[PDB]
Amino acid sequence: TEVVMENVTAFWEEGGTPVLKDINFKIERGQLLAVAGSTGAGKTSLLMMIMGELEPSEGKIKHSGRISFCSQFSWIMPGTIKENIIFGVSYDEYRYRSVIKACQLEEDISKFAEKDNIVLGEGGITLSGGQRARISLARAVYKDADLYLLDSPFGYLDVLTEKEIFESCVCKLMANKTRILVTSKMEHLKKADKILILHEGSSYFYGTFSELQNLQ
């Protein structure tokens, strides 16, 4: 699917300050939009609008079909690591294994005696912050959808691991998928088809990394 926002303004609380102000962008089918900005700038709120949780007061929004959402807060439910990634979707060995590999979870899983059947969220193993984040990412990426909304999914990862998973998962495995990635890392912005930088709800910059470079 493509995604369009045109002159979008929105409020979480009627009669308050707007959380998003005159936002404009367009993603073609299969492109990657990177959304940057400081804390509170409105990045997650932008994703909430696409998911229908926040309604616009002005402007137009276009997008169509199933959404897969990866929250910036990683989470696990009681069940195996395989169950947490599949999370109710039909199982396919090749699809599952390719997601695991792209999220670098094969190394972790290979070290468990129960492999993919290690049980999480029941007081047995307590996973690291980075393991929980990669599992949450793998869960969102395994789901088949027309639009993937990945809200700062690389929590607790070191910068090289983050870079490698951005490349293996977001850029290679998901190459033909329409993606919105909330991220502030320079290499991610460099590889994105478009970049949207938010500041206090407003569009600080919108365009390509090359266009931002030319302003220097």
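Between two forms, the rigid core is defined as the largest C-alpha subset superposing within 1.5 Å. Quick note: we count residues from 1 along the sequence shown, nothing fancier.
What stretch shows more C-alpha movement in 7 other deposited structures of this protein relative to this form, 111-119 or 125-133, after the core is superposed?
-> Larger mean C-alpha displacement, comparing 111-119 and 125-133 in 7 other deposited structures of this protein, is found in 125-133.
Entries skipping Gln216: at least a third of other ones = Yes: coordinates for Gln216 absent from at least a third of the compared entries.
Should the higher mean CA B-factor in the entry be assigned to 30-38 or to 56-64?
-> Comparing averages over the C-alpha atoms only gives 56-64.
Going by the average Cα B-factor in the PDB entry, point out whether 110-118 or 74-82 comes out higher.
-> Going by the record's values, the stretch with the higher mean is 110-118.
From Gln104, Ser98, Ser90, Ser136, residue of greatest CA B-factor = The C-alpha B-factor peaks, among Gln104, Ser98, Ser90, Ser136, at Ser90.
Top Cα B factor in the deposited entry, candidates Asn176, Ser168, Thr183, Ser45 | Answer, based on the entry's C-alpha B-factors: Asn176.
Where the record places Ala10 (Cα B-factor, split into thirds across the chain) | Ranked within chain, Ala10 CA B lands in the highest tercile.
Sorting the chain's modelled residues by C-alpha B-factor, tell me whether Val19 ends up in the lowest, middle or highest third.
-> Answer is highest: the recorded C-alpha B-factor places it there.
Going by what the PDB entry lists, where does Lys191 fall on CA B-factor within its chain: lowest, middle or highest third?
-> For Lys191, the deposited C-alpha B-factor lands in the middle third.
Taking the values exactly as deposited, rank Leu150 by C-alpha B-factor within its chain and report the matching third: lowest, middle or highest.
-> For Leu150, whose C-alpha B-factor we compare with every modelled residue in the chain, the answer is the lowest third.
Classify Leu160 as lowest, middle or highest third according to the C-alpha B-factor given in the PDB entry, relative to its own chain.
-> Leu160: CA B-factor falls in the lowest third of its chain.
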